[PDB]
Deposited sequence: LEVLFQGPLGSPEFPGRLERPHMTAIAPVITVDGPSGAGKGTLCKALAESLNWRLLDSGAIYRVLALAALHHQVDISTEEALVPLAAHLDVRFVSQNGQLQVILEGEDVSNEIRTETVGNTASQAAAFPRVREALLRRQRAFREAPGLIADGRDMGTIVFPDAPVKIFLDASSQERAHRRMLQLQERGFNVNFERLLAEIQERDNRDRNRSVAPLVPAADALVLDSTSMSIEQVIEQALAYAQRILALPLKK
């Protein structure tokens, strides 16, 4: 239900400012935060730690279903906590994200993770950051937002990320490399291409706090 535990979903491609919009909404409203991309990686990090069979789906399903994960965000930085440990950096490595795509291939694991993500919906409220948040995870959410951006913009954001991790990147290689996913019919559509991220946040906040209150 809308009051009890409202959900604001934020859907879009990677590299559009979704992460940043969500951390900011979550700290402006003091709400819980679900980061969908990260949850698949935490599951795969949980799978590597407890070193379990990444075929057969039999062991990943209950892991997923009760995954001990929470997302805390203070002062703009995402803190990811698995079974107590801060695993923020651990879930960013390439091996982790390749085992996440391996788990993500079994439907029953996807359905398990879907139920785990719904269970994030609590008081006072949830900011849900993903791809299908407003269309599949929380189709009845009071506030849905779709945050798009051009391939160049997204390429640019990715370049800086890759460079921050240490790789040297070619912008034109990346752009071309980058060059389902749909707004929900009741999504507020924003484009961070020629808009500052502060403008996006302020429009998002104002939009949410006009529906919810």
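Enquirer: Enumerate the deposited-sequence segments absent from the coordinates, judged by C-alpha atoms, in order of position.
Expert: No coordinates exist for the deposited residues in 1-22, 202-213, 248-252, so these stretches are absent from the model.
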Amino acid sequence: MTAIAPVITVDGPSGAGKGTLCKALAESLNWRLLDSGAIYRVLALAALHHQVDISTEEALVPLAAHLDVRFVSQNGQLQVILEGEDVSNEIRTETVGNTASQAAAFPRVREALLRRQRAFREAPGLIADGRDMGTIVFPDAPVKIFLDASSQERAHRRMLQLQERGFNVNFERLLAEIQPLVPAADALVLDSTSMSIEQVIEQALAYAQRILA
From here on, numbers count along this sequence of modelled residues.
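Enquirer: Can you tell me which stretch has the higher mean Cα B-factor, 121-129 or 82-90?
Expert: Per the PDB record, 82-90.
Enquirer: Averaging the C-alpha B factors as listed in the entry, name the stretch that ends up higher: 142-150 or 57-65.
Expert: For C-alpha atoms only, the mean B-factor is higher in 57-65.
Enquirer: Among the choices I39, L48, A187, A26, identify the one whose CA B-factor in the record is greatest.
Expert: Highest CA B-factor of the listed options: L48.
Enquirer: Ranked by Cα temperature factor within the chain, is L114 in the lowest third, the middle third or the highest third?
Expert: Lowest third - that is where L114 ends up once the chain's C-alpha B-factors are sorted.
Enquirer: Per the entry's values, where does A104 land by CA temperature factor relative to the rest of its chain, in the lowest, middle or highest third?
Expert: Its C-alpha B-factor belongs to the middle third of this chain's values.
Enquirer: Please place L175 in the lowest, middle or highest third of its chain by C-alpha B factor as given in the entry.
Expert: It belongs to the highest third of the chain when residues are ordered by C-alpha B-factor.
Enquirer: Quick check for you: using the entry's CA B-factors within this chain, is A206 in the lowest, middle or highest third?
Expert: Tercile = lowest for this residue's CA B-factor.
Enquirer: When the deposited Cα B-factors of this chain's modelled residues are ordered and cut into thirds, is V7 in the lowest, the middle or the highest one?
Expert: Lowest third of the chain for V7's C-alpha B-factor.
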